[PDB]
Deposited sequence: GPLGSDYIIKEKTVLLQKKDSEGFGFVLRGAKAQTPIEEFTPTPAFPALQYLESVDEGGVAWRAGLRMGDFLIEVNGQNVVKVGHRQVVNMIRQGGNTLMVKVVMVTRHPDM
C-alpha cells in the first residue's frame, strides 16, 4: 500500500510420517545467530531457518510444505531464533515422525 508493504501470511502445521528408507524430502537452510544481538522476526524475515528446497512428491511436499517456507516450531519447540545445528538435532529426535509449523510469506506487490 502507499504507506507500506502488504503481506499475505499463511501458517501451516503438518505431521510428517516417513518410512525408514526415505527422507522427509526437504533441505533446511539457515544460520548457525549471534549471541551479541537477539534476532527480531519481521514479516519478510520471520525465522532463522527455512526450506531451501522441497522434493516434489516427497513426504514434506505431500503434506503441504513448500520451498521458501520459514520454520517456526519443531515438535512443540519454537525455533524462530534457534541456530541450524540445534534445529537439525531437534528434527532428528523424532525419527520417522516430525511435526513442524512453518509460515509462508508473500509480499503483495503494489505495482
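- In sequence order, the deposited residues that have no C-alpha coordinates form a single range, 33.
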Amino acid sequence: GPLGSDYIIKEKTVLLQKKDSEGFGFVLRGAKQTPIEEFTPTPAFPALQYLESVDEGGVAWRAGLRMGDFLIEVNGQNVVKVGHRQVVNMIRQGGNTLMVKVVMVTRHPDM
From here on, numbers count along this sequence of modelled residues.
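Here, rigid core means the biggest group of C-alpha atoms that superpose within 1.5 Å across both forms.
- After superposing on the rigid core, the larger RMS C-alpha deviation in 5 other deposited structures of this protein belongs to 23-31, the other candidate being whichever of 23-31 and 50-58 remains.
- Taken in 5 other deposited structures of this protein and fitted on the core, 66-74 and 38-46 differ in how far their Cα atoms move from the shown form, and the one that moves more is 38-46.
- Remark: stretch with higher mean C-alpha B factor among 79-87 and 58-66 is 79-87.
- Just going by the entry, 33-41 versus 70-78 on mean CA temperature factor gives the higher value to 33-41.
- Per the deposited record, the Cα B-factor of residue 93 falls in the highest third when ranked against the other modelled residues of its chain.
- Among the modelled residues of its chain, residue 4 has a C-alpha B-factor that falls in the lowest third, as given in the PDB entry.
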